[PDB]
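Next comes just one chain, in structure tokens: the form deposited in one PDB entry.
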């Protein structure tokens, strides 16, 4: 449920023009940013230092103790036995780490709220990283060891001789995941490559469940997989493969958003005592520094401000909290329901139905029954958003200040070697002041805020153009193709699944549709035999490829060889078509057939 919402506004409008209050928060967020940055490095340093004997069990108390030790040092006196025990163990390594990086204890007072926010956030990053990229990384390591890519290029594809290898590898995965118990003879028949992989996996001491696979164990107890995840990263570095960030590091020197609530407000901004704060209502207390009459603070859908914002010195994120919130202290069929097949009655009652074919270049390509075509290309989005313009300005500033040269020689932060990590800190410390000053410029934070405004305007203009073109009320049907997470090599990123959320915000229905073979059928003949693909060649469109002399095959242009679609006066011999146009026309036929009750056309049906 949507129990919270956010309204992002500029720093100047959110806060009153009182200079004292603005300066105090700017200093406060900078201190918290420095504490958060060093805490992540200190946590990694502690793990690497103690990795010589055994991997420690990282908990919430571990990160909280590190934050207090960096701030107050030995001056921190926890009252709980559990926190006191962690303080004693982490104390010898915190002071040594500070000497290496030249860290100076800030001794910030009233840090209780900030430390709790940072401790939970860092623990969140640890859990999320383990859940998402443990099974993926473990299977990735297995493929690299067997050299699947090498065998694919050298061995003949689609042959029964190599299908056995795929079956052999597929069966080994169940043994690796402990889903199927291997036999004694099966272990003996393993090749030295297979035997070595099995021994290495068993060395990770992976948890086991009597009646559930390894994937279920990861969801149930993600934290227990952390010692194995760190050891897996060491195996990647040992064999020279591309390493991965096992431990999240907040290496960014750009001013990050810091959570500010009512307690932080009176302690650091207003600088009033807690006794005086309790005598003033929350709304009256916030009005002294923040203009609650601003449009960003207006209540929406029954949610209220409730005093919770995050700011980075240029943009202020005003959060709206529902009265029924938790007050702190704490699927396959559902996805199928988003498809147009289960949402047919909604389309019938719609004033107009618009089909969209997502593509890498033509992100949105719209067409309706009336034939009014509309498209939202990536070039149009980039110009309106200004990401390309911002990137050039950011690149120019780095070249002028020489920051790119300094950053290029920074060692890998993903390494597990203690000496290499120590060298990484020394190199980072060598020019830390130069990079900190460069990223302290307001442009870096301003670019984030300007991109948000440009993206919001681009989305608003896109909705307005579609409404003018197709009508005030319409229903959008989009192809199910989505390059989510995984992106093809040599191809830029593209927004695929985010359009579903955008249409939901604008109260516009968005229904998925299968794109299987929707670009290989000619609508005029409903045949796929005569469709021609990549028939013509031309010099590569990318400027660096064109200078090299590469030749690309056209993918967006297709033709139909059916004589019925042709005319006697034609000399080309084929009826040319646009790939985006073909998909939208095919989607219209599919949607119309489904609405009429005939279902998906048999030509577009899967095998």
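Residue numbers count along the first chain shown, from 1. Rigid core: the largest C-alpha set superposing within 1.5 Å between the two forms.
Just so it is clear, the following notes concern the form deposited in another entry, a form of the same protein that is not shown.
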(message) After superposing on the rigid core, which residue out of 275, 79, 486, 507 has its C-alpha displaced by 2 Å or more between this form and the one not shown?
(response) 486
(request) Align both forms on the core first, then report whether residue 496 has a C-alpha shift of 2 Å or more between this form and the one not shown. (result) yes
(message) If the two forms are fitted on the core, does residue 295 show a Cα displacement reaching 2 angstroms between this form and the one not shown?
(response) no
(request) Could you check whether the CA atom of residue 162 moves 2 Å or more between this form and the one not shown, using the rigid core for the fit? (result) yes
(request) Say whether the C-alpha atoms of residue 516 and residue 482 sit closer together or farther apart in that other deposited form than in the form shown here, given that their separation changes by 3 Å or more. (result) closer
(request) Report the direction of the Cα distance change between residue 488 and residue 516 in that other deposited form, compared with the displayed form, as closer or farther; the change is 3 Å or more. (result) closer
